[PDB]
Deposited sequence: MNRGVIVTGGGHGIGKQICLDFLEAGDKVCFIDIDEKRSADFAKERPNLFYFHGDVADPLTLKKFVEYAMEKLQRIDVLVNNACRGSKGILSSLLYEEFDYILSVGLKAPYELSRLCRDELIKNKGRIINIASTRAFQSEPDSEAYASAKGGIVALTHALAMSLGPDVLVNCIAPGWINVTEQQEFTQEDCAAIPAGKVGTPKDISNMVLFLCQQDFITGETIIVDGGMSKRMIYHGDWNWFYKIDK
């Protein structure tokens, strides 16, 4: 049926997204840097193809898409999911390392969209970007991650406006998703549980099926970002170390 490409499909959120599309009857090709885990994931699942590589490398991206077109023969959906968090200004994270985070989290989604532009337009496809609530609020020392995620939230509406009406483009901003808890861990989140990869993949598949939502970023974080918190009020306390 559909040809689907996923970045970072070897584990966590990306893995569950791959499974969901497989279950929906589609063929899936994913890129990931973790060779062993990804190869196991693809083993004995004929409709799941793995490409070993780093999305930070533009040359690797083109080879990936070429490989995907060979295995899928069509691209209907691009899921931009790859990313690894890091530190920031308090750690004095170096320029080159800040850059690498942008390469993985921001340049890759653009370049993949660019490589797949004509195919997605022809197939009237979908692009789904995975961001984070870190695009909107910050903990200290999160500069690189925030920059990449802020960037991808904006890239989402840019792509939506460039590629509409043929391609619809949306973004999901997850909160705490368990990809590996005390009663405080769970109670502190308004929805009262820690998120799961399925919470994200459900929204991915749903968004891909709609045709009147584009350019939007949807927050899936159990309500954490909506919780107003002041020290000493409603169960929350700041502790000076």
Going by C-alpha coordinates, which parts of the deposited sequence are missing from this model?
1, 182-185, 247
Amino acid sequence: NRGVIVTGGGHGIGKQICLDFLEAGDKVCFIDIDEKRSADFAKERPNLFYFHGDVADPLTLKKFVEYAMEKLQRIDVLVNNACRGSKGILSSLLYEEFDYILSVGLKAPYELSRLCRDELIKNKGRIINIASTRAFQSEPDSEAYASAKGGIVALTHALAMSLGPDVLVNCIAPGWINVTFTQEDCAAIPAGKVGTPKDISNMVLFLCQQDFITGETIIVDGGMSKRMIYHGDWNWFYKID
From here on, numbers count along this sequence of modelled residues.
The stretch carrying the higher mean Cα B factor in the deposited entry, 30-38 or 212-220, is 30-38
With respect to the recorded C-alpha B factors, which stretch has the higher mean value, 60-68 or 171-179?
60-68
Using the entry's values, work out which of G85, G150, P165, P109 has the largest Cα B factor.
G85
Based on the entry's values, in what third of the chain does the Cα temperature factor of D76 lie: lowest, middle or highest?
lowest
Going by the CA temperature factor in the PDB record, which third of the chain does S92 belong to: lowest, middle or highest?
highest
Third of the chain's Cα B-factor distribution that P190 belongs to, per the entry:
lowest
Where does the C-alpha B-factor of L22 rank in its chain, lowest, middle or highest third?
highest
